[PDB]
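Shown here is one chain on its own, the form deposited in one PDB entry, set out as structure tokens.
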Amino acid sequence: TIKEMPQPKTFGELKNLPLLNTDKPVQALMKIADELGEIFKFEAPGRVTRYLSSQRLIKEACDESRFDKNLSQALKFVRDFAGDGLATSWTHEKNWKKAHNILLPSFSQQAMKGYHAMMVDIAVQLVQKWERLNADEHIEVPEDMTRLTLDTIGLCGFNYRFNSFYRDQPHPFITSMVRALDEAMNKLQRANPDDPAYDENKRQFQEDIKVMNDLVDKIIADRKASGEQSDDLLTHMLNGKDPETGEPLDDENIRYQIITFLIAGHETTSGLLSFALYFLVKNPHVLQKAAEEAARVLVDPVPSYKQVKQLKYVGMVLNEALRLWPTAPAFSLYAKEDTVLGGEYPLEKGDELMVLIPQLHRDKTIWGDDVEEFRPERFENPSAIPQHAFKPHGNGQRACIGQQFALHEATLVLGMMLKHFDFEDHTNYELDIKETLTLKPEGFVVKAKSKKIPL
């Protein structure tokens, strides 16, 4: 029952590459998936991949005995500054399992209890900023969520204060990082990357990489000269030993991990919080239910770890926002051996796949006809959700190591936001999703009305 899969329109020797010549390539691929279905072929000079959109096929792709994590072109470009850190290493590179073993304890339950107080420090700065706005001033939502999540990973992970709420402009790190991600995304469609027309892009790219590395230098220097006894993510990077190889990380890999966690440890969580607030102001009945939980649970001026664990509806709100707009919107796989996908599509060893997460999460055979509605109650019973229907944090041993960190931070912050303020979609904002490999609303603004509850 071998089928021929469809393929979108081609451009001669450039094949499908010009389809990525847009500022919103993930959304363009979603529209292709709408037209072509659960699987389509995508070619560029020297490369072939297959985009999967249905739970029927993705549940097979998630079989770790058949498929391993592949570096997409995007991740290969990110590797120019993230090296063999956790997110851009191959599973078979020594430093992947070594760093995985060393850093997994930094995301245990006991570790999260240790980060909690510093998460509250940054969250309180967010609430105070909003309490201090004048009448009819508004909130720039993705901007302030990025201030929050960057400061949180800096303080919790490295005992470094980016002090983002003391800046009306982004931190230099953010400006360079966004420019590196922009360059990586735009480079995806470049047929002749070594054409001298891109000499300035290459120079600017190196300049943005040096800005990020300079900050890494300061974080490392401050810790090794510090007189304070820290037990955080950087402590494990500098001192943990891998049980398997017995070795600690070396200096080069440590630098790559710091870059990796500063980027991956804040950018997608700021997108999640932005999308969650968007869906809440567009669905006031859901906001009210979440606000009722926040008022009932957060009975102290400062939230505790145990109280955040009881914000169960807030957690469902966050999962439903990750269903509709997963902020790391794709991951890539390669076949470990010859195999047949769905009884219909034969693959050879080494053949690549792309998992298109926002389209997976719109599979009507899984979620029903109301798939575009925001309904957190979908997540009331994980046993009622078929396997591999919901993949916002990737798959298997290569799934997101920071998932618990992100969800604890986002649940804490969204809970405090709903405890302390009413929110108004005063512009009737039309959703506009900016792409930087990752996904985030652009131009989303709201007004907050203080409930005048002291901190």
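Note that residue numbering begins at 1 and tracks the sequence as displayed.
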Checklist line | Between 334 to 342 and 261 to 269 (mean CA B-factor, as deposited), the higher | finding: 334 to 342
Note to self: Regarding 165 to 173 and 94 to 102, which shows the higher C-alpha temperature factor on average in the entry?
What the structure shows: 165 to 173
Check: Between 121, 151, 363, 370, where does the Cα B-factor run highest in the record?
Finding: 370
Item checked: Residue, from 192, 274, 134, 383, that the PDB entry assigns the highest Cα B-factor -> 192
Notebook entry, point to check: What third of its chain's C-alpha B-factors does residue 65 belong to: lowest, middle or highest?
Noted result: middle
Check: Would the CA B-factor of residue 309 place it in the lowest, middle or highest third of its chain?
Finding: middle
Notebook entry, point to check: Taking the entry's C-alpha B-factors for this chain, is residue 146 in the lowest, middle or highest third?
Noted result: lowest
Notebook entry, point to check: How does residue 89 rank on Cα B-factor within its chain, lowest, middle or highest third?
Noted result: lowest
Checklist line | Third assignment of residue 427 from its chain's C-alpha B-factors | finding: highest
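Only in words, not in the display: the form solved in complex with a partner chain, which the text now covers.
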Check: What stretch, of 270 to 278, 325 to 333, 257 to 265, 101 to 109, brings heavy atoms to within 4.5 Å of the partner chain in the deposited complex?
Finding: 101 to 109
Notebook entry, point to check: Would residue 37 count as a contact of the partner chain in the deposited complex, using a 4.5 angstroms cut-off between non-hydrogen atoms?
Noted result: no
Check: Do residue 243 and the partner chain come within 4.5 Å of each other in the deposited complex, heavy atoms counted?
Finding: yes
